[PDB]
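Enquirer: Sequences listed follow chains X, X' and X'', in order. A prime marks a further copy of an entry chain. Residues 2 to 526 (the authors' numbering) make up the first sequence, in order. Residues 2 to 526 (the authors' numbering) make up the second sequence, in order. Residues 2 to 526 (the authors' numbering) make up the third sequence, in order. Ideal Cβ positions, reconstructed from N, Cα and C, are used throughout, including at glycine. Dropping a structure here in structure tokens format, bear with me for questions.
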Amino acid sequence: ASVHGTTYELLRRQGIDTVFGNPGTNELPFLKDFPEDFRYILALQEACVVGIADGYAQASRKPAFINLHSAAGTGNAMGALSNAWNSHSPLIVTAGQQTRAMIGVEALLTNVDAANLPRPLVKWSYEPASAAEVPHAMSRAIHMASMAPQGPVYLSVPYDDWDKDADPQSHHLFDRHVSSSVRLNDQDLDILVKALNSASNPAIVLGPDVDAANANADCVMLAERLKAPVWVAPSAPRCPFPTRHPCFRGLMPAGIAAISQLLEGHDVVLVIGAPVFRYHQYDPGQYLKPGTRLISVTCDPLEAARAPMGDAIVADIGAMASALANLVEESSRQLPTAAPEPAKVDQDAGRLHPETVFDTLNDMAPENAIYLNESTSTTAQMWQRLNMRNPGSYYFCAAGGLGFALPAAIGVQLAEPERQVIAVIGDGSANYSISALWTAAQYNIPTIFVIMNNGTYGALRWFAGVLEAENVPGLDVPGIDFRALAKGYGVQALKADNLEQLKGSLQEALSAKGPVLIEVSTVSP
Amino acid sequence: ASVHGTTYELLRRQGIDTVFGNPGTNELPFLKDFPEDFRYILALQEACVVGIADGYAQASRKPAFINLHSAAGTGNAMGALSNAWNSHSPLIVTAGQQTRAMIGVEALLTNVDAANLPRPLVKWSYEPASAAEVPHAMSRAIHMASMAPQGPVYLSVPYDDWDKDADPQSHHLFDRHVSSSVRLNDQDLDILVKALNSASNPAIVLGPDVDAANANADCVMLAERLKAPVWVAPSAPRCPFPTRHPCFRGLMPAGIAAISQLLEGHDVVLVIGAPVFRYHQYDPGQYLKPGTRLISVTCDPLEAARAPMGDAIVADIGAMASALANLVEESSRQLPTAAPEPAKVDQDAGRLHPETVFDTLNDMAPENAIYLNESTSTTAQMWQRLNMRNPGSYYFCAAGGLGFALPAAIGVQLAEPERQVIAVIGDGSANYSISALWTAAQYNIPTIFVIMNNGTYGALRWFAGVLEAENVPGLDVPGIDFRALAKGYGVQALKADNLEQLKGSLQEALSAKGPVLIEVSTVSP
Amino acid sequence: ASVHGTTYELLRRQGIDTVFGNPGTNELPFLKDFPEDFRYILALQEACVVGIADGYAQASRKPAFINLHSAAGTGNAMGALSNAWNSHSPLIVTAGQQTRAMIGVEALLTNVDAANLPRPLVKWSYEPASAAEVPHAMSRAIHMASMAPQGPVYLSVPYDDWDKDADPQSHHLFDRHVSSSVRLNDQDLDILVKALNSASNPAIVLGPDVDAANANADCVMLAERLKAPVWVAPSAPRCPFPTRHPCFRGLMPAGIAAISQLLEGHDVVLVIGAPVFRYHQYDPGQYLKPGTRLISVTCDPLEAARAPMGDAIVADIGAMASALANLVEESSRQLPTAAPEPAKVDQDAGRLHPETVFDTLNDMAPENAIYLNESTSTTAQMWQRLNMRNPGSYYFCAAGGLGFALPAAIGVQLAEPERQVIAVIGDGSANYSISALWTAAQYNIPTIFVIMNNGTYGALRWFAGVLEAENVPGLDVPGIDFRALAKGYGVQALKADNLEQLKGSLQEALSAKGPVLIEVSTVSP
Ligand SMILES: Cc1ncc(Cn2c(C)c(CCOP(=O)(O)OP(=O)(O)O)sc2=O)c(N)n1
Ligand SMILES: Cc1ncc(Cn2c(C)c(CCOP(=O)(O)OP(=O)(O)O)sc2=O)c(N)n1
Ligand SMILES: Cc1ncc(Cn2c(C)c(CCOP(=O)(O)OP(=O)(O)O)sc2=O)c(N)n1
Ligand SMILES: [Ca+2]
Ligand SMILES: [Ca+2]
Ligand SMILES: [Ca+2]
Ligand SMILES: [Mg+2]
């Protein structure tokens, strides 16, 4: 068999059937004779390719396979890889290299130093030393991406390798099963359970890794048994809990002092599937107040090492959440009371307040909608106003890297054909990966894109307001016509200048058979 | 003085007055109190930021200063950095880092391992160990980017550094002058000159570094004195010679066997300011034929080391070209005859042949136009059909990385306000950095964008045709409306479906006061 | 031809005839059928291998070829590579890799990530993508090591590559000549010369790169014409000037404030072939005093970039020194007066004062002796007391990395069979590369090793005295018998407990036919 044939067999035997890519000449020998059981999803730029794959992987809870062109293609994607790293997204990034005979002279399209290019944003990066090694290296890539803590990996392949004879012994790779589904040993797990059972006022903090593991339901049970309030860890890339559950307390402020104040009086704080902590703004203070101790369960040694406080357990989030939910006692304490609904903000017949947009979305969207957020100045409001009862209902750039939500919303919609995806993206953010729209059009992936247009990089104007920073250039982005951009890429486009039109546009979008972009005129900050 | 004040003074004292950027919160403390003598050029995505800066640097023949946001912003730009590396573009890339107090915990927006991120595509990559070091590190960056062989460099700065007190001794940085304007010693230069003088049938091969040095005129003189044919080295990122000069022989084929055949019978081949060689397609054969010896002058040790044949001299291209042009004797040989004009291809009243487009451009454009090429299947024709008599008249992604020409054409037009820039870009390539259009609109930089629309990734269909590769997915890009995209970003848009309309559109574009995009319906391959 | 045969031919055609190594199984296929015209120099540990090669390269002023075993062998040498980096030593370090078929599984002896191992201490690091590429990669290594600024480079080769068929076109590599012998262009050189000619009180500062280039004699001439005092740049790895010349002012203190004070009143300071500056101790102050300006000539862009003050020219030191020495005018100023001889320190009939040892060496050694220094607390005295009139007469770990002088003295003696090498090494430093002695014994390389034994890490006790640091552990090294160590490795050993015995031992050593070690009982600090 050829390296080509063996590699495709390894992929399908490992459950991979889709290639997200933007092609080049180094990749032609790989893409030729494309398997009929495989599907190729083209995007027009590599940040879009990787973003779509990322959304697909996160929503599907399985690895996504990517094929990019050499150094330039890989480099175009490395902003996307920065989010993928922070979101533990299992992405297998392959890139084509020049033929071995021409790597030395550095012919055009040679990926020099290839493995070093994507670092430090990958778990594993490699170029095989011979054609026969390619399937083995692909096996390594598949497993490195998939093992806890999941993450992106990189494989560079000289284009002449594909047609070479494969090693007959490569068949041993095909059905390899590797498991990291592990939990704390019985003795120490009992100690933990006893500590939660004995807590007088426990609190729970959940991260994105909870949603990735589909441990949401177990976390509800654990919270119910412990009669404990549940917060989402700061800078949240996913939603790990029903936002309308009586225990839910919302998104934590991304500040050291703010979080210690919030947790004050809680004697034991159990953090599950989240970094400790993902702070953002500088909020000097105590990491924890006297009387509060912290216990973190994380799938990622790097997270456990860098936590500035608390004990930590490195294990699988699914296995740990299941175990805890089932072991802990049913506390006699009174179940926490549900947070009151958000107030309705005054709204005139003009520009729309972000709050109004989210209320309307909540009123009109299906109960199993999936939201993506890249409207950076309205995150707090979005979390307060959208009722997300099911898992996999929220996605936000884990590294704060813009250009995520637009493509990722397309990958999410591809992974969940029966759940309406609605991406809420600011006018600034929309541009980073605008060409992603074309993929939704071409494959008729019916994502709804809600563009929040206030003409400025609002979150930056705000941060600059706090720093009392004057004379900062480059904060306004006037003069963009998002309906024209959507038309340019074949996506149906609507405009909403007021509530009447917002309701009308949403009704039309929700009834449409393909992707739709709605440009919303929001108030200026 | 503050680190902020000292750094801006260092920049202006070193001739930098423009910041190409896309801002973030880590960068606010740097951008605040922006100097009135400085100018900020905003682009909507980092590949566009770096591409514009790249064109500006190459055309201006000086370093360009870039400011990006942390890891995600830097990563979005690394495809652009791959071209910059191959084109020796002096780019000073700065990125904002999290405050020092929060780097350890890996707060959101922390650039982890920052210096390793942009490698291997930079000459120098660094994050200073203290705020007071920032000006010194900026000095290092400026000089590393500017010294031969020029190239991109990377500096990461924690945002809390800017307001800190600068080291009083930093003033010694301000007026530092560093020179790499060097040439071969007298004795060995005389030996070289004697070898050229004694050559019976010399040939000259010029690379992009010739145009970068403005050594074009000296190369004409050298060619005239030696009565030698002049070729442009393969995969040419710039134009180093008048394409209508009697000595000019055009662009070399990017193949080993093709080049040795071309040079057969030439006893001495002098290569100046070019890699040896930038091959592309695999064309196995002799590097040089018996009787041909090669001498390379290059500014880049890496080029000299990796040449598979010939002698090499590592020195400044400007200094070497001047010295050779002035020292060599005036050969009694007959001056080479000028290549005959390209034939006129049959053109009906329908879709336009690439050849027709280039002939029309040549007929209508000013004699001092500057072209950019990202129409990958029509490169050979472009070189044959465009009369470029002056330096700085051609630019093409040095690393083959698409997404270059659109933004770079804007930077070129900014650097050369009196020379009409015309970017010829295929429908595929146009998408990679489409959002760059907005910058041309906002700053009224009057670049003309000619979009060659044949609905496919033509060069890939061709390479696949040679490999007889069947069933390759992802090669067609139908359904893009480039006039709508231009409208989306505020650029005047025209359409040319035939020659009559092409002539009309060009006439309008050439008379316009701002940027214009013309979508041209070209024939399908 | 085989890759083995082609590579050895490339080496000999490029002037390499010696392999410094410590062998392993990955290297057997390379070392087998060892060429009869080649010579193998074995050392017992890799720090010793590289140190011997380093001394050989520096003294011979040509590249030295090294062969080490995989990761462990390369890693044992990386302390040696840190000195080599700082001394611009042209070292070609090759290491054997596992067979390509077993690199994937990470068999024992696999060098994982090989090219990344030696960074950042090499100019170039590489593992070829195929056997046929090996000669081309070796060519790249040879030239990267040899081009200005010279430095160590690293090449990893899978052991199965050697027996494979070489590319017939590799013959083009054999006689490649690459030159970096360049100097400042005429116009700017004239400007420099005019500035030196106009200087009212110029001073000259020389670095190791001057001795490496053999530019010593030209620097004497330049100093004589300018009637200028000459200092050696701080932390000096070599001696660039006759220490008894009327212009010589000795070794500069390694402190910022000390150097600016020293240069005060000098209007133009010309630094040649040295970093600016290699400081050591923290001596806060002005980099230069008002009225002093600095001009640096360096072969190394990295040095020019990081100088905190002055103008810089990046060019070949040999070419620049020759040009300046020959162009500058003969100043009418009075030639500087020669520094007075060092005073004779009081010495009883007991332990020897370092000063006494150096005076005695100066009295007894041939005028063309070559010294090495790794007696860290007595450097200042050594420089004052040893008359070194010729080039290549002094070597000291450029990176301050101990374990250099012992092996390097053996390589120096190998390169200069007619010049008596005398290494002066403290009892602490002697241990780092003690096994190097065996190589001197086995090959009868007649280096003299003078061990300065005061029982302590003296320089550390001193630095700790300045920091008033109390309770520092690990500063004493009692209980080492250096005569027994020498006997262990087959080197004749003597002991000197007083001046009478020191004189006697030196007389015997100087008359000996092989290597000799003399243990000297020096006074405790
Ligand atoms: C790739 C990238 N570039 C730049 C930024 C910096 N940045 C920028 C540019 C922001 C403004 C986003 O503006 P928007 O219009 O999408 O939303 P708001 O107006 O609600 O802030 S938020 C922020 O962190 C980033 N995070 N990622
Ligand atoms: C960033 C990047 N991605 C992918 C490619 C691969 N690629 C692609 C996608 C090409 C087709 C460009 O199509 P076009 O429409 O711009 O021009 P033609 O139709 O004339 O080829 S040429 C080529 O090398 C690339 N070079 N750079
Ligand atoms: C490889 C290495 N390890 C440790 C040191 C630290 N070190 C040490 C250990 C010194 C003492 C050398 O002691 P010595 O006996 O050779 O000489 P003195 O007694 O004259 O200082 S000097 C110094 O920098 C070093 N420079 N290099
Ligand atoms: Ca906005
Ligand atoms: Ca096309
Ligand atoms: Ca000692
Ligand atoms: Mg990298």
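Just the Cα atoms here: how many angstroms apart are residue 482 of chain X' and residue 464 of chain X'?
Expert: Here residue 482 of chain X' is taken as the residue at index 481 of the second sequence, counted from 1. Here residue 464 of chain X' is taken as the residue at index 463 of the second sequence, counted from 1. Roughly 26 Å separates the two Cα atoms.
Enquirer: Just confirm the distance between the C-beta atoms of residue 239 of chain X and residue 396 of chain X, as a whole number of angstroms; I'd bet it's less than 8 Å.
Expert: Mapped onto the first sequence, residue 239 of chain X falls at position 238. Mapped onto the first sequence, residue 396 of chain X falls at position 395. Contact flag correct, Cβ pair sits at about 6 Å.
Enquirer: From what residue to what residue does the alpha helix (DSSP H) around residue 98 of chain X run?
Expert: In the first sequence, counting from the first residue as 1, residue 98 of chain X sits at position 97. First-last for residue 98 of chain X: 92-98, but that is the beta strand (DSSP E), not the alpha helix (DSSP H).
Enquirer: Closer than 8 Å to a non-hydrogen atom of ligand 1 - does that hold for the CB of residue 100 of chain X'?
Expert: Position 99 of the second sequence holds residue 100 of chain X'. Residue 100 of chain X': no, Cβ never under 8 Å from ligand 1.
Enquirer: Nearest to residue 18 of chain X by alpha carbon, out of X:480, X:333 and X:35?
Expert: Residue mapping note: residue 18 of chain X aligns to position 17 of the first sequence, counting from 1. Checked all of X:480, X:333 and X:35; the closest Cα to residue 18 of chain X is X:35.
Enquirer: Can you list, in chain order, the residues of the stretch 117-150 of chain X'' whose Cβ is nearer than 8 Å to any Cβ on chain X?
Expert: 117, 128, 129, 130, 131, 133, 134, 137, 138 and 141
Enquirer: Taking the straight line between their C-alpha atoms, what separation do you get for residue 173 of chain X'' and residue 39 of chain X''?
Expert: For this step, residue 173 of chain X'' is matched to residue 172 along the third sequence. For this step, residue 39 of chain X'' is matched to residue 38 along the third sequence. Taking the straight line joining both Cα atoms gives about 22 Å.
Enquirer: Figure out for me which residue from X'':154, X'':426 and X'':275 has the closest Cα to the Cα of residue 125 of chain X''.
Expert: As a working note, residue 125 of chain X'' is residue 124 in the third sequence. Checking every option, the nearest Cα to that of residue 125 of chain X'' belongs to X'':154.
Enquirer: Could you tell me whether the Cβ of residue 455 of chain X comes closer than 9 Å to any Cβ of chain X'?
Expert: Position 454 of the first sequence, counted from the start, is the residue given in the question as residue 455 of chain X. Not an interface residue.
Enquirer: Quick test of your reading: residue 46 of chain X and residue 432 of chain X', contact by CB under 8 Å. State the CB separation rounded to the nearest angstrom.
Expert: Counting from 1 along the first sequence, the entry for residue 46 of chain X is found at position 45. Counting from 1 along the second sequence, the entry for residue 432 of chain X' is found at position 431. Residue 46 of chain X to residue 432 of chain X', Cβ: 6 Å. Contact.
Enquirer: Can you give the Cα-Cα distance for residue 528 of chain X' and residue 151 of chain X', rounded to whole angstroms?
Expert: Since the first residue of chain X' shown is 2 and the last is 526, residue 528 of chain X' is not available in this structure.
Enquirer: Tell me whether residue 461 of chain X, by its Cβ, gets closer than 8 Å to a heavy atom of ligand 1.
Expert: In the first sequence, the residue the question calls residue 461 of chain X occupies position 460. Checking every heavy atom of ligand 1 against the Cβ of residue 461 of chain X, one is found closer than 8 Å.
Enquirer: At the level of alpha carbons, what is the spacing between residue 216 of chain X and residue 61 of chain X?
Expert: Looking up residue 216 of chain X in the first sequence gives position 215. Looking up residue 61 of chain X in the first sequence gives position 60. Each residue's CA atom was taken as its position, placing residue 216 of chain X and residue 61 of chain X some 14 Å apart.
Enquirer: Using a Cβ-Cβ distance under 9 Å, would residue 406 of chain X'' count as near chain X'?
Expert: The residue labelled residue 406 of chain X'' in the question sits at position 405 within the third sequence. So, not an interface residue.
Enquirer: To be precise: take each residue of the stretch 385-398 of chain X', compare its Cβ to all Cβ atoms of chain X'', and keep it if any distance is under 8 Å. Which residues remain?
Expert: none
Enquirer: Does the beta carbon of residue 371 of chain X'' sit closer than 9 Å to a beta carbon anywhere in chain X?
Expert: Mapped onto the third sequence, residue 371 of chain X'' falls at position 370. It does not: the Cβ of residue 371 of chain X'' has no partner Cβ on chain X nearer than 9 Å.
Enquirer: Using a Cβ-Cβ cut-off of 8 Å (strictly less than) and excluding sequence neighbours within five positions of residue 176 of chain X', which residues of its own chain qualify?
Expert: For this step, residue 176 of chain X' is matched to residue 175 along the second sequence. Once the five neighbours on either side are set aside, the close Cβ partners of residue 176 of chain X' are 14.
Enquirer: Count the other CB atoms, across all protein chains shown, that sit within 10 Å of the CB of residue 317 of chain X'; report buried if there are 16 or more and exposed otherwise.
Expert: Start at 1 with the first residue of the second sequence, and residue 317 of chain X' comes out as number 316. When all chains shown are included, residue 317 of chain X' counts as buried.
Enquirer: I'd like to know if residue 368 of chain X' contacts chain X, where contact means its C-beta is closer than 9 Å to some C-beta of that chain.
Expert: By 1-based counting over the second sequence, the position of residue 368 of chain X' is 367. Residue 368 of chain X' has a beta carbon lying at 9 Å or more from every beta carbon in chain X.
Enquirer: Check this for me: beta carbons of residue 171 of chain X' and residue 440 of chain X', under 9 Å apart or not?
Expert: As a position in the second sequence, residue 171 of chain X' is number 170, starting the count at 1. As a position in the second sequence, residue 440 of chain X' is number 439, starting the count at 1. Contact: no.
Enquirer: Taking 9 Å as the CB-CB cut-off, is residue 88 of chain X' touching chain X?
Expert: Walking along the second sequence from the start, residue 88 of chain X' turns up at place 87. Output row for residue 88 of chain X': interface = no.
Enquirer: With distance defined between alpha-carbon atoms, name the residue in X'':332, X'':197, X'':146 and X'':250 nearest to residue 341 of chain X''.
Expert: Residue numbering aside, residue 341 of chain X'' sits at position 340 when the third sequence is read from its first letter. For the residues X'':332, X'':197, X'':146 and X'':250, the minimum Cα distance to residue 341 of chain X'' belongs to X'':250.
Enquirer: Exposed or buried, what is residue 267 of chain X'' when buried is set at 16 or more other beta-carbons lying within 10 Å of its beta-carbon?
Expert: Counting from 1 along the third sequence, the entry for residue 267 of chain X'' is found at position 266. Looking at its Cβ environment, which holds 16 or more other Cβ atoms inside 10 Å, residue 267 of chain X'' is buried.
Enquirer: Step through the CB atoms of chain X and report whether any lies within less than 9 Å of the CB of residue 177 of chain X''.
Expert: Numbered from 1 along the third sequence, position 176 holds the residue referred to as residue 177 of chain X''. Chain X contact via Cβ: absent.
Enquirer: Roughly how many angstroms lie between the CA atoms of residue 501 of chain X' and residue 515 of chain X, to the nearest whole one?
Expert: As a position in the second sequence, residue 501 of chain X' is number 500, starting the count at 1. As a position in the first sequence, residue 515 of chain X is number 514, starting the count at 1. Going from the Cα of residue 501 of chain X' to the Cα of residue 515 of chain X covers about 37 Å.
Enquirer: In the DSSP output, which residue or residues are listed as bridge partners for residue 299 of chain X''?
Expert: Here residue 299 of chain X'' corresponds to residue number 298 of the third sequence, with the count starting at 1. DSSP, once it has assigned bridges, lists X'':315 as partnering residue 299 of chain X''.
Enquirer: Going along chain X' in order, which residues have a C-beta closer than 8 Å to the C-beta of residue 315 of chain X''?
Expert: To locate residue 315 of chain X'', count along the third sequence from 1; it is residue 314. Result: 148, 149, 179, 180, 181 and 183.
Enquirer: Is residue 445 of chain X' helix, strand or coil when you go by DSSP?
Expert: Working through the second sequence from its first residue, we reach residue 445 of chain X' at position 444. If DSSP states are grouped into helix, strand and coil, residue 445 of chain X' belongs with coil.
Enquirer: So what does DSSP say about residue 159 of chain X, is it helix, strand or coil?
Expert: For this step, residue 159 of chain X is matched to residue 158 along the first sequence. Strand.
Enquirer: Return the chain-ordered list of same chain residues with a C-beta closer than 7 Å to the C-beta of residue 279 of chain X'', the five sequence neighbours on each side being excluded.
Expert: One-based indexing of the third sequence puts residue 279 of chain X'' at position 278. Within the same chain, residue 279 of chain X'' has close Cβ partners 234, 235, 236 and 255.
Enquirer: Is it true that the stretch 440-458 of chain X meets the stretch 410-427 of chain X, where meeting means three or more beta-carbon pairs spaced less than 8 Å apart?
Expert: yes
Enquirer: Assuming residue 296 of chain X' and residue 53 of chain X' are in contact, meaning their beta carbons sit under 8 Å apart, how far apart are those beta carbons, in whole angstroms?
Expert: On the second sequence, position 295 is the one that residue 296 of chain X' refers to. On the second sequence, position 52 is the one that residue 53 of chain X' refers to. That belief does not hold up - the Cβ atoms of residue 296 of chain X' and residue 53 of chain X' are roughly 37 Å apart, past 8 Å.
Enquirer: For the stretch 156-171 of chain X'' and the stretch 187-197 of chain X'', state whether three or more C-beta atom pairs, one from each stretch, are separated by less than 8 Å.
Expert: Output reads no: the stretch 187-197 of chain X'' does not touch the stretch 156-171 of chain X''.
Enquirer: Nearest-angstrom Cα distance between residue 314 of chain X' and residue 184 of chain X'?
Expert: As a first step, residue 314 of chain X' must be located in the second sequence, where it is residue number 313. As a first step, residue 184 of chain X' must be located in the second sequence, where it is residue number 183. Their backbone Cα atoms lie some 9 Å apart in a straight line.
Enquirer: Quick one: what does DSSP say residue 260 of chain X is sitting in, helix, strand or coil?
Expert: The sequence position of residue 260 of chain X within the first sequence is 259, counting from 1. If DSSP states are grouped into helix, strand and coil, residue 260 of chain X belongs with the helices.
Enquirer: How about the stretch 78-95 of chain X'' and the stretch 106-116 of chain X'': do they share at least three Cβ pairs that are nearer than 8 Å?
Expert: no
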